[PDB]
Amino acid sequence: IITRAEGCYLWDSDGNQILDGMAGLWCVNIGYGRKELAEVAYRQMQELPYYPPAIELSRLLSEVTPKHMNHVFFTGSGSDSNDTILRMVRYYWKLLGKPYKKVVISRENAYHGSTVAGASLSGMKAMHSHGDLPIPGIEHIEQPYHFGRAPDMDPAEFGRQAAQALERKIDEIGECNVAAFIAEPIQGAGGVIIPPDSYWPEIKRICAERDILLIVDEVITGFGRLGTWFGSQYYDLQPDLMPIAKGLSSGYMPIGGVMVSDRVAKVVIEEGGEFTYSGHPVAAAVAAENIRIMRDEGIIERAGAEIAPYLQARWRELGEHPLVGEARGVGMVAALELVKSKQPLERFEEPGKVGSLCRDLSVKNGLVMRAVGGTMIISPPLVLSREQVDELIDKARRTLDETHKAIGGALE
Amino acid sequence: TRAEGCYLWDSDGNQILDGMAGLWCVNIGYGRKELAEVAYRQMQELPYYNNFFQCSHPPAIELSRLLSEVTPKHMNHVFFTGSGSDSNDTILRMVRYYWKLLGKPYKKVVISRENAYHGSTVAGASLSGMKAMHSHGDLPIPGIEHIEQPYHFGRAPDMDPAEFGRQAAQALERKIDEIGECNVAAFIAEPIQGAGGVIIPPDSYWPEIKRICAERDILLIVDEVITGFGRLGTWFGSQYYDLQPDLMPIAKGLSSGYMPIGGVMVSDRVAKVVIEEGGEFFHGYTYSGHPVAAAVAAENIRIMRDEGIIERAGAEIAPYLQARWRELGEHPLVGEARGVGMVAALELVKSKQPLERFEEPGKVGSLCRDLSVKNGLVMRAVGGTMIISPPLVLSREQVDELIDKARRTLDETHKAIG
């Protein structure tokens, strides 16, 4: 229960300075305590609560987004973005005369939204059972999770394997029934599932020989999360559509959006114009300001220049702890792995509860940090300073140590 | 693009009376400076609401207490979401998953009406009845059916309304006997259809439908995205047409337009079940779409119930609006003036006594809408059907304003066509 929140810190009803390593929900990229936003909202509510903010917002988004992404359809949340995506991908092919080409393909343990459509896309089999949630035209392949899937196959080789999974499904369904393939650059919600560096190279190959669109879900990855403006350009992907949201406002306003490549855009706008526009004047004003800040203060550049590479090595230095098996780390996102043993490699029995115990103990020490099973993940704001990465390593250290004896002693 | 009260000024100092409440949303009118203060306030504190680490004074707490006060007695639990179109995607999920936990997983069908609107997501455009939306790919997703709209004008213009009302409402019973009673999960409708012209049902309809949903074993879902927060002169159209809905999405009006908000009111009946086994029903959004949105909305309702905007609607200015409007029924092109509370429609026809609709009525309405704003009125058209939802802060001197601008507009379209 916080009472004060600025910079990378919160403050309980007790007054401990808890450091938000998670950045709320992966989204307060420019950090708490920016009154510069709250004023642009105040004065945008004076002007108009309905409908200008949508235009200046669209300008900045075409500057920061590479490639042929020059048009943008805003929405209320990234959960609604993926809906528009699915709809306009089938609409794309329908306006090409291939209306049977409507099958979009996700991965297992990927997250793409809470809406019926987004949840059908999202591969959390927890969300899928409750009501009918594999709405016709969504398929689920393997995730490029090295640790979990094949912890001993060579990353170089395991990587090719998890992408040709895509090609396997394609040849299974009918290349002409597949509309597109969608996937987070790095699955965030389902733990930090970083793919090997052979994965996206093959995906790009499959999405060229087999005529499908690539859709890349940049909701957690967008707006600096990987030390680049988008996970897109950090893996040299040239997507056809990107749902952007959490980063947009840095977490202060409900705004979602889809970036569209000129390929899909042209057909949708020219041979269509019947699919109305924009999002919400307030939240757009607010969003366009958070990007001004990030652009002039360059804290996206600082994100790569200074605080990322430092935060990678330091995190990797956590991998030697007795509990830590793997120490994944790309840009301002990273993750550890809680295993009973490393040399014998015994995967913790029900690691859900043990990782839930480090989270529980991580705030007792004064660190925000998410568990997902036996995976401790972090996603600090892009304003975190090189000094505070040391605050982070230190408070994780005590936590893992405390839990190293807590299961190997107290009520084992 | 500046706005003050019920007026939208633009570049050339053009005071345009907004008779559309933007999009049925801006209810307490524009230029309520005290909402900006509550957004500036909350925005300065935390901007998320996870079960680990809450806020000082959680806004969704205040809000969800208030929504219990102004909603039908038996509704007392509110999930929040990002917009009202999200609210229905939730409801589709809830109504179904309600039966799975009553052990009837084959009970997954939702029935709507054609030309009903229910969101713009893949499910809200499946639910919704315009086939424009259905034709993109195949937006009708399984589980949904559609029955006939009780649109007395375009369906059976000469029938007896209480007869026809009773006839379009046996439609529901006649989809159940075609579908199988144990398959149907629920039936969802707006108290009055909004975005598809204002389809004011014959009084004898909601009477019947409540019976059909007693006799049959189905939940009920009343879409109050538009009818909610005073539109019908009652807080919710439910109270207007004495409906007791098991779910109810709410939205446009929750924040009177000021902030992206959605929400679903769960009747005690369905709530009892979705709580016993609800650890499974844990999704990313959970509740509290945004503390800032909730903070703003909570104050919005403060302003609404304390100055009394809902009450002076259905008791003072709504009556006035209805009377004035119907003085337009006595016009050449106009061959019906309907409305309730704070919503109203004019039908345009090529001849009154020979009831003769236009070859392509849509285009005439586009003209009228183009001619309304020219003369200084926001007035939307659904085909050949003009509609209006003025902000509930409307003053009498301004429905007078609202009527005369309509009069010119109708007299200029009458010229233009002839």
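The values are calculated or read from the model by the stated rules, or taken from the named source; no laboratory read-out is quoted. Because the Cβ atoms are built from the backbone with ideal geometry, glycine has one as well, and the counts that use them run over all protein chains shown.
What the table shows:
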| quantity | calculated |
| --- | --- |
| Some residue of the range A:353-362 being away from chain B (no Cβ under 14 Å), more than 21 Å from A:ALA189 (Cβ to Cβ) and either of a type in the set (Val, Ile, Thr) or under 23 Å from the mean Cα position of the chain (by Cα) (or both) | no |
| Extreme residue, nearest to A:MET376 (Cα to Cα), among residues of the range A:193-250 that are assigned to a loop (DSSP other than H, G, I, E, B) and among the β-branched types (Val, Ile, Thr) | A:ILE194 |
| Test: residue in the range B:357-375 that is acidic (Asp, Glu) and either part of a helix (DSSP H, G or I) or in contact with a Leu (Cβ under 9 Å, 6 or more places away or on another chain) (or both) | yes |
| Within the range A:263-291, considering residues that are loosely packed, with under 15 Cβ neighbours inside 10 Å and within 11 Å of chain B (Cβ to nearest Cβ), the one farthest from A:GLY76 (Cα to Cα) | A:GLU274 |
| Enumeration of residues in the range A:275-305 that are within 30 Å of A:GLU326 (Cα to Cα) and out of contact with any helix residue (DSSP H, G or I) (no Cβ under 6 Å at 6 or more places or on another chain) | A:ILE299, A:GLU301, A:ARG302, A:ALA303, A:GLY304, A:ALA305 |
| Given (1) away from chain A (no Cβ under 11 Å); (2) in a loop (DSSP other than H, G, I, E, B); (3) surrounded by 15 or more Cβ atoms within 10 Å (Cβ to Cβ), index of the condition B:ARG166 fails | (2) |
| A:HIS321 being over 26 Å from the mean Cα position of the chain (by Cα), surrounded by 15 or more Cβ atoms within 10 Å (Cβ to Cβ) and in a loop (DSSP other than H, G, I, E, B) | yes |
| Test for A:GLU56: is it facing chain B (nearest Cβ under 9 Å), in contact with a helix residue (DSSP H, G or I) (Cβ under 9 Å, 6 or more places away or on another chain), surrounded by fewer than 22 Cβ atoms within 10 Å (Cβ to Cβ) and of a type outside the set (A, V, I, L, M) | no |
| Pair list, Cβ under 8 Å, 6 or more apart: the range B:190-205 residue assigned by CATH to the domain that holds B:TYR117, other residue assigned to a helix (DSSP H, G or I) and hydroxyl-bearing (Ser, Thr, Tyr) | B:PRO191/B:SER238; B:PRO191/B:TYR240 |
| Residue, farthest from the other protein chains (Cβ to nearest Cβ), within the range A:1-43, restricted to residues that are under 30 Å from A:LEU226 (Cβ atoms) and among the polar types (S, T, N, Q) | A:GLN17 |
| Cβ-Cβ under 6 Å pairs, at least 6 apart or on other chains, the range B:323-349 side over 16 Å from B:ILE192 (Cβ atoms), far side in a strand (DSSP E or B) and of a type in the set (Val, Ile, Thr) | B:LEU328/B:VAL334 |
| Members of the range B:114-130 that are within 9 Å of another protein chain (Cβ to nearest Cβ), in contact with a strand residue (DSSP E or B) (Cβ under 7 Å, 6 or more places away or on another chain) and part of a loop (DSSP other than H, G, I, E, B) | none |
| Matching entry among A:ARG43, A:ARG87, A:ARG34 (being farther than 25 Å from A:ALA189 by Cα and crowded, with 19+ Cβ neighbours inside 10 Å) | A:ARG34 |
| A:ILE55 vs. criteria assigned by CATH to the domain that holds A:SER249 and more than 9 Å from A:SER278 (Cβ to Cβ) | no |
| Breaking point among (1) touching a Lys or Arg at 6+ places or on another chain (Cβ under 8 Å); (2) surrounded by fewer than 23 Cβ atoms within 10 Å (Cβ to Cβ); (3) basic (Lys, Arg), for A:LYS67 | (1) |
| Yes/no for B:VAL340 being more than 14 Å from chain A (Cβ to nearest Cβ) and crowded, with 22+ Cβ neighbours inside 10 Å | yes |
| Test result for B:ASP138, surrounded by fewer than 15 Cβ atoms within 10 Å (Cβ to Cβ) and either among the hydroxyl-bearing types (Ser, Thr, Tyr) or outside any helix (DSSP H, G or I) (or both) | yes |
| Selection from the range A:28-83 of residues that are in a loop (DSSP other than H, G, I, E, B), at negative phi and either out of contact with any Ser or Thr (no Cβ under 9 Å at 6 or more places or on another chain) or of a type in the set (A, V, I, L, M) (or both) | A:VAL28, A:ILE30, A:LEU48, A:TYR50 |
| Index of the failed condition, B:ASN50 passing every other in (1) surrounded by fewer than 22 Cβ atoms within 10 Å (Cβ to Cβ); (2) closer than 30 Å to A:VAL40 by Cα; (3) under 20 Å from the mean Cα position of the chain (by Cα) | (3) |
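The rows are residues; the columns are (1) surrounded by fewer than 22 Cβ atoms within 10 Å (Cβ to Cβ); (2) more than 14 Å from chain B (Cβ to nearest Cβ); (3) not in a loop (DSSP other than H, G, I, E, B).
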site	(1), (2), (3)
A:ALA110	no, no, no
A:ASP132	yes, no, no
A:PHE147	yes, yes, no
A:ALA156	yes, yes, yes
A:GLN161	yes, yes, yes
